[PDB]
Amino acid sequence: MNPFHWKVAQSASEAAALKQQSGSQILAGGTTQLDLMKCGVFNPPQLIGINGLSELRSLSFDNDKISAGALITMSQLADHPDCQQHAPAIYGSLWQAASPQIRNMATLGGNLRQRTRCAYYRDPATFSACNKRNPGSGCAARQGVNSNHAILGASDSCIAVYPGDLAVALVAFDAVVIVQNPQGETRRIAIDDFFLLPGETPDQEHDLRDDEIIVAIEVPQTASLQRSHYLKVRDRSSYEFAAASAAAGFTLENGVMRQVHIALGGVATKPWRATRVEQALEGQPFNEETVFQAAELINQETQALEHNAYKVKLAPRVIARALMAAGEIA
């Protein structure tokens, strides 16, 4: 790694004040940050450990807001007694990610900010054309092996997929990201606006100033969140990112799907809310084939690249089967 200088922050505001300085980076769990430092894509001259900030560790489930601070680990959220019952899609987006060891390390704040698994992005010593890493240098994946790359939200500059499972469940259910600057004030960002499309600027992933730090997340507590599932398709059965995944939920009110929520993981540059599959199923009773045919509407915005065409076939099917699994609960 680069010979970084190690600094420990004693408050959220001092972490935001130190983060703002010229290439400094927060360290929470390390399972992304430290890995990409060894890959060579991260070389912060100053690394700021934020564990031992006790203010960010609060967690509670309510009748209205599920609320957790940024330093809550993946395991703590998933193991909370209400998580599986109140938010199955959130719970499923957790235990189906990484390994138990990683989930014990991984904070919710760092989980949202995890980076693409694009093989060319992660090997800068070999491939020097990455616009996300190295603005203006090109994209090595366009003419390379794009099997892992995006069929939705892609630009000419970056085709990288956002690998994370948790954000997919949050984006479906309209979570809010709360962030804080060095002077202590607070911004609340709807999560679908928190993740940015790469466009011509793949190096800007999130709506976060260098000024700012993620302090907390909150999710609306809804009967759509209560009846939900996270379905993850992958090559092997565990310890891998999704080839395709969908978080889905709805409330059944008067024998009818209402507040249908659907989001697509693993196929897009950012967690992708499928709004037209939702609208097509709203006011509709849960049934096998109408769910499957409505899911195929995602194929009107989808664009296959050379090696990722299988993701086009998977996308409507993981949407359908995640919905089918949701309608089996209550």
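Quick note: we count residues from 1 along the sequence shown, nothing fancier.
Self-check item: Average Cα temperature factor in the PDB entry - higher stretch of 5-13, 305-313
Solution: On average, C-alpha B-factors are higher across 5-13.
Quiz item: Once you work out the mean C-alpha B-factor for both 221-229 and 158-166 from the entry, which is higher?
Solution: It is 221-229.
Quiz item: Which has the highest CA B-factor per the PDB entry: 245, 181, 128, 101?
Solution: Of the candidates given, the C-alpha B-factor peaks at 181.
Quiz item: Among 81, 144, 124, 136, where is the Cα temperature factor highest, going by the PDB entry?
Solution: Largest recorded C-alpha B-factor: 81.
Exercise. Check where residue 299 lands among this chain's C-alpha B-factors and tell me if it's the lowest, middle or highest third.
Key: According to the entry, residue 299 has a C-alpha B-factor in the chain's middle third.
Quiz item: Based on the entry's values, in what third of the chain does the Cα temperature factor of residue 176 lie: lowest, middle or highest?
Solution: As the PDB entry reports it, the C-alpha B-factor of residue 176 lands in the middle third of its chain.
Quiz item: Based on the entry's values, in what third of the chain does the Cα temperature factor of residue 205 lie: lowest, middle or highest?
Solution: Ranked within chain, residue 205 CA B lands in the lowest tercile.
Practice problem: Report the third (lowest, middle or highest) to which the CA temperature factor of residue 239 belongs, ranking only the modelled residues of the same chain. | Solution: Lowest third - that is where residue 239 ends up once the chain's C-alpha B-factors are sorted.
Quiz item: What third of its chain, lowest, middle or highest, does the C-alpha temperature factor of residue 283 fall into?
Solution: Ranked within chain, residue 283 CA B lands in the highest tercile.
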